[PDB]
Amino acid sequence: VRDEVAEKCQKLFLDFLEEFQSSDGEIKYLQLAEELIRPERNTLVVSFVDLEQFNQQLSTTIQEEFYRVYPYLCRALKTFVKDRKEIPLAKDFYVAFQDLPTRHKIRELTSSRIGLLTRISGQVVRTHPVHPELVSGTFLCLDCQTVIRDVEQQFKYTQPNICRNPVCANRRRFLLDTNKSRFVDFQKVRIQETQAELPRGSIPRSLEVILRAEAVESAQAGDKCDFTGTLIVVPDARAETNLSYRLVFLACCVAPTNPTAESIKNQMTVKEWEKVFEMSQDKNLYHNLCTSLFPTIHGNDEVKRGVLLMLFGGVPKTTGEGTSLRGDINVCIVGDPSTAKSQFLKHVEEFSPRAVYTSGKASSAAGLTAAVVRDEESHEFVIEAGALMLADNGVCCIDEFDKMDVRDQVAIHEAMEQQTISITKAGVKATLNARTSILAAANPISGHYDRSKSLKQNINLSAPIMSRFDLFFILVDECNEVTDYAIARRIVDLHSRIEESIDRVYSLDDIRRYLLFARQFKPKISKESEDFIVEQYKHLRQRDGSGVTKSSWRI
Amino acid sequence: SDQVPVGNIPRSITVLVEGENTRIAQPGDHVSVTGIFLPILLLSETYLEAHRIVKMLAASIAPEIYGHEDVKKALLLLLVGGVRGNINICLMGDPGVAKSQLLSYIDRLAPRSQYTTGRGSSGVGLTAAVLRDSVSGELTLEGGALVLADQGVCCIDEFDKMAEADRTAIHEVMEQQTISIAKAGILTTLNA
Amino acid sequence: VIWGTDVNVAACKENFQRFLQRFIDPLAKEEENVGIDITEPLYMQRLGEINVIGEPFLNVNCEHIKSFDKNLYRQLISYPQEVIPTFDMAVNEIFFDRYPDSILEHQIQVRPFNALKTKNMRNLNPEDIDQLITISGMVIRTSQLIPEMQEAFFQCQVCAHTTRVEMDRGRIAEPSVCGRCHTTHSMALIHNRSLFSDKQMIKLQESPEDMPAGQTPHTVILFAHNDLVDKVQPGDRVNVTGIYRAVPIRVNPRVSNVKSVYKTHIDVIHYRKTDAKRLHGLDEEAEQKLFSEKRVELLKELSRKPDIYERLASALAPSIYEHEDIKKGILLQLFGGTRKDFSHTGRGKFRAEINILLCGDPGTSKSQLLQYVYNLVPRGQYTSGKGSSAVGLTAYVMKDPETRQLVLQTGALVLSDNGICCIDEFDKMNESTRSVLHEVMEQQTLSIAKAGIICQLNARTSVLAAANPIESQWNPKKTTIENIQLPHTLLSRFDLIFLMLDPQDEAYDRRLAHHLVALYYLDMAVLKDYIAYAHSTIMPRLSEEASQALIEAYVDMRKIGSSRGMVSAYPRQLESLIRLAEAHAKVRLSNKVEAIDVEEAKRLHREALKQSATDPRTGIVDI
DNA sequence: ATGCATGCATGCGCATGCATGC
DNA sequence: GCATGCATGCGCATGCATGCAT
Ligand SMILES: Nc1ncnc2c1ncn2[C@@H]1O[C@H](COP(=O)(O)OP(=O)(O)O)[C@@H](O)[C@H]1O
Ligand SMILES: Nc1ncnc2c1ncn2[C@@H]1O[C@H](COP(=O)(O)OP(=O)(O)O)[C@@H](O)[C@H]1O
Ligand SMILES: [Mg+2]
Ligand SMILES: [Mg+2]
Ligand SMILES: [Zn+2]
Ligand SMILES: [Zn+2]
């Protein structure tokens, strides 16, 4: 029996690999496969738009018959690389595709798309440890001593149905030779439906993805990534001699949904580097960014500058005695109701790529820190990350900070101080790093700020957590007619012109790129800066004299 | 409670219903059942198979109590009811004027009636709760005193001593005649 | 047909073929027969519309079949499994006879509906097993898609031949011998080369509203197949037409012994959304078949009259005396504001809905208004005082009924998405419960972060709250803020606050008594159509004059509220005004917001709080 | 004859109700 | 007037022991 379609696909794909001429006249894939000599490389990346310009028939056949054709494409690639270079026969090879011009929602993955080539988007929730997995094992018969090789395991431990010797007909006595077997890398990941695809009154759906070989490396927890692959049924009506199933997604490539100073410089293109250089040589960068991130908000430039300084962050250091010095900055805001207090947190949500936001009692103790659960296919254990861990090296926003329970506040204080989360549960002891920066919003006890009382008497916050915050901002609503007029003008202008009332200088992508580039720098402290800081601190301490009215916060 | 011996607790029995005898018995009813006593498989467990199930001026309410001539027509009108046409009555009094006996008489006279003394039937005693099933093995909702007293008369003694939640539930029953429950695992509207 | 049945295939086929061409109803009106000539046969026109559009599904009413004849209706109800394929093949034959060269994806299927409605599920008997049943209920749980095999693919180990087997009677008999090499037990099943179909499990909560004494609500399980998957959402009130099934239960998975008591089960074949009492849903608003041109012209002519606004306020609730301002506010909430998009700005979601609070003595009809709103508006929810917990709303953790999927389960607020949530006895609610409302009333989103769960949910809900004074009486000596005892942050999020007081007027008492005694002894469909057309067609926009008017109104409100004792004003209140103005723009069917809408919104805001009668410098109201 | 489902503790995570202490 | 300490039900998973259906 012959598989005609598979043979034609093999021929066409080999011809495409051998013949595809690039824009410069050479062949990209020959040079790319020249790097497959290294034992650490097994997958070759092939673009789909280039295939669209070579053979539409082959493209349609591959798209509509991906699962049936893929092993034959792997065999063709193996033959090509074996012909082009001296490689040991034990090595295997795989193909990947990236540029699919269409996307499908998670809820749109019906049973009619089983075995077809699709591209989806999602958010990583959990990852499992790397494992080996069988591909085609070899079985030895215990009766007639006949060796049976190349039996497909699919997705279950399947022994040979019957001995290939007609006289033997053995079906229940076999031995597995692990030495001569065939292995491949295997990892399991969980993904979640994004908020933008949620219908009315619905909870986001969860899906399982499996990564093989090099694709195992990527897809870390907390990311927002696009996956390319197929939909394949895995067992979990009855059969008889003359059935429970579930859906599992196999992915080929994982990409960012919206995409070491020398490495960053090399990665960036010429135009991106030109834009970065243009930004770097502007003093108005200190002012323009304030207008860039908060266009609609009127006034409150101090809060904007504090938020920018918190976003940029400092340089952490370690001492010779074994102690550690904080390098992150935490900011707290307190103000009268409706004084634009919650808008900054939402702006940080929208701007920052790694940000987690919580409010009041909606987050439990297990919601923060982390959790430990079992591995489904081994004796190991896996850790589910909390809000703080997902915001590692990022910004964590907490609204209604006063409503949080005392235990939760103690946990937050521990995370701020030690910058480490220790878990000793279910026979598992572990320590994890949480280098986060906290932006918090709070309200007065009486609902309005008392001008005649100190800061400590106005907020129901414990002294330890109070002392850890670097900057405190206080907002008071002034009963001034001009301020009300100015606020009304901006609100009505925003409502009148939905999108035409914004004149940003730099796009958010450029700001993100510049922040990523700038956070790598580790500036030093000059000698004269030491004396300047000493004198300025002396003046600041002298400000605390008794010859002036009492201040709301001591130094 | 009359047949319970001294210092003991009432015992329970299980009855199976099949055929046209189904849909006759309801919770809270006093019934008489004629049946067969059979075991289930050398110890064994027993059960009952039902064959027959049966249910067990005019202002002369509680003649045992002297006086209160004008306090008895109101009870009769409460029992008769209006044409929502429901009626609610509260009696406030100094101790020793025997308010409890009138409530007990009203409870005994009414066909569907429930009587509450205080915190002994608070919270879960009213409203409803979710419990496992004997047959299906799943969760079902069982109502409280208010649910059982649907289309009947309920009597409450020592009303001022009840908890805030119970008082709010009673107010909701009085004004809206339906109870709304929305907690973890429960989302229901009960008719009372 | 199988033994035990009196159904004849040929007779039923001929009867259905004749019925599809002969049925004409004179009582049918243009109010529901949209785009169909009543003088001509109805189902033939439906088939023609199917041919024009290409939809492979046809809807047939059971009442029409019963009107044509009773034998066919009885046979269809008794034995749907044999009757339905006959109808399908007859329809396919007629369609292919009348319309050659048509292009579709598969043969036309027929879906019956509006069978005799069973009053209560618990009244059913084993005699009704495998019969057509119609139910009315609300969806609370929908599971994920499940694949079910239909064909099986087998491959040989030695010769590798391709064979296919079709499922029969729910069981697949795998061949024990090959077809080319004749080797025994040489065939292996391949799952990925097979064919699968979608299956979904849904949960319904039953509420016929005529329950007997002491009967608790019921929960039913439904199974949907093929395209019917994901046609409903949690919180929707739907009518389900389907079949009744009984399935045995195994004693344990690995032992073939089964329990004698069977398990109830229902298969779904048809869904209906329209209700004779409630307003149109969002599903209907995304279609063009709702309104005939005559009704559109009538509504457009009606909208031109100046008093129609007040007329609508007169037609909202005729069973409650006066309260014109409250009815106008309820109508404006029903119309809603413009749903602008601020994704590019980075500000986030903007609330386009109106929240209303009503404060007054217990002897008031606010509860009647809340009940009427709950019964009238679809996707409506009701809560009362301490009966609801903080975890009861939003979502709570519950395991999947079979495995450990950690399935978050929606609450009352989430089920109220794109709907109305009514709260009674708002005073008794604890601070923990109000913490949820603090985020819900503004951000329209809920953030959940518990063990293994981190997610955000949509909570686009408009809230009607009812409250009472401290002592259940409005003490004239105490101020409004003292009487209310609610935090300023919570009160600031309410667009309209209505203070209900008793003026003790003799004429008012006489009118109330006369109306109450007489209780012993506009068309709703027109109102529904007008509301749906206004809500699904027009997106209002505001001009410079409205801008200046709003600025002046905001500064005047701030000056008025600067005095102590009264409810102070905040910039957020300004936004509320805009929303109200937009609502007025929907009343007059105008795409442009004018100064009249701003003036009306200002008047309503002023009259709602009774600021005119209230003493500006003492906070005491005295009419 | 052998491997597996089930009965019986026990930890885990959670929500809910009753009491009290500032 | 409310958050918290102290039981207690609920739902679940996990580990240790054993008893026999295919
Ligand atoms: N200084 C300001 N500039 C512009 N808009 C403001 C300002 N202050 C308040 N607002 C408007 O008022 C609203 C305040 O709501 P919010 O920020 O949620 O208040 P809070 O955070 O104090 O609860 C926002 O929608 C914002 O548009
Ligand atoms: N008007 C009355 N006529 C006859 N007996 C009475 C009267 N008032 C009180 N009693 C007697 O006094 C006792 C009062 O006890 P109880 O009913 O518990 O009082 P309360 O209901 O007020 O707590 C009863 O046992 C009753 O026999
Ligand atoms: Mg806020
Ligand atoms: Mg008494
Ligand atoms: Zn052999
Ligand atoms: Zn063969």
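Residues numbered from 1 in each chain as written, not as in the entry; some residues may be left out. Chains lettered and ligands numbered in written order. Part of a larger assembly, values for the part shown. Heavy atoms only, no water.

Structure determination for the deposited model, as stated in its record, used cryo-EM, and the stated resolution is 3.2 Å.

Regarding chain C, the relevant UniProt record gives this comment under Subunit (literature references left out): "Component of the MCM2-7 complex. The complex forms a toroidal hexameric ring with the proposed subunit order MCM2-MCM6-MCM4-MCM7-MCM3-MCM5. Component of the CMG helicase complex, a hexameric ring of related MCM2-7 subunits stabilized by CDC45 and the tetrameric GINS complex. Interacts with MCMBP." Quoted verbatim from the Sequence similarities heading of the UniProt record, the comment on chain C is "Belongs to the MCM family." (UniProt positions renumbered as here; feature names shortened; annotations may be inferred.)

Regarding chain A, the UniProt comment filed under Catalytic activity reads as follows: "ATP + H2O = ADP + phosphate + H(+)". Turning to chain A, the UniProt annotation filed under Sequence similarities states: "Belongs to the MCM family."

Engineer: Sorry, what's going on with the arrangement of the chains here?
Structural biologist: Among the two pairs of chains in contact, the pair with the most contacts is chains A and C. Regarding chain A and chain B, which are not in contact, the minimum distance between any of their C-alpha atoms is 15 Å. (Contact = heavy atoms within 4.5 Å.)

Engineer: Teacher, can you tell me more about the packing of aromatic side chains here?
Structural biologist: One pair of aromatic rings is described through two measures. These are the centre distance and the angle between the planes. Going through the model one piece at a time under the given rule, you end up with 30 aromatic pairs over all chains. Relative to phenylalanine 517 of chain A, the ring of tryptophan 273 of chain A lies with its centre 5.5 Å away and its plane at 90 degrees, an arrangement referred to as edge-to-face. Of the two residues, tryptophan 273 of chain A sits in helix 7 (residues 270-280) while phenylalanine 517 of chain A sits in helix 15 (residues 508-518), which places them 244 residues apart along the sequence. Overall, the relative accessible area of 11% leaves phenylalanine 517 of chain A in the buried class. Clustering of aromatic rings is evident, with ring pairs tying together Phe16, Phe19, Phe23, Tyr43, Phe68 and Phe87 of chain C. The ring of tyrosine 357 of chain A carries the charged tip of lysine 346 of chain A above its face, separated from the ring centre by 4.5 Å. We note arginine 111 of chain C situated over the ring of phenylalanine 57 of chain C; from NZ or CZ to the ring centre the distance is 4.1 Å. (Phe/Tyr/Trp six-rings, centres within 6.5 Å; stacked < 30°, edge-to-face > 60°. Helix = DSSP H or I, 4+ residues; strand = E, 2+ residues; numbered from the N terminus. Buried < 20%, exposed > 50% of the residue type's maximum accessible area, 1.4 Å probe, protein only. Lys NZ or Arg CZ within 6 Å of the ring centre and 35° of its normal.)

Engineer: What am I meant to see in the site of ligand 1 here?
Structural biologist: Taken together, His298, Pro337, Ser338, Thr339, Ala340, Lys341, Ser342 and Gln343 of chain A together with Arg347, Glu442, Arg572 and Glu575 of chain C make up all the residues around ligand 1. Site remark: ligand 1 is flanked by residues from chains A and C. One of the backbone nitrogen or oxygen atoms of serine 338 of chain A is found 3.0 Å away from an oxygen atom of ligand 1. The backbone of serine 342 of chain A places a nitrogen or oxygen atom 2.6 Å from an oxygen atom of ligand 1. Considered on its own, ligand 1 offers 560 Å² of accessible surface; in the complex 88% of this is hidden by protein. Tallied by class, residues from the shell around ligand 1 come to two nonpolar, five polar and five charged. (Near = heavy atom within 4 Å. Polar contact = N/O pair within 3.5 Å; in protein donor to acceptor, adjacent residues only side chain to side chain. Areas by Shrake-Rupley, 256 points an atom, 1.4 Å probe, with all protein chains shown as cover. Nonpolar A, V, L, I, M, F, W, Y, C, P; charged D, E, K, R; others polar.)

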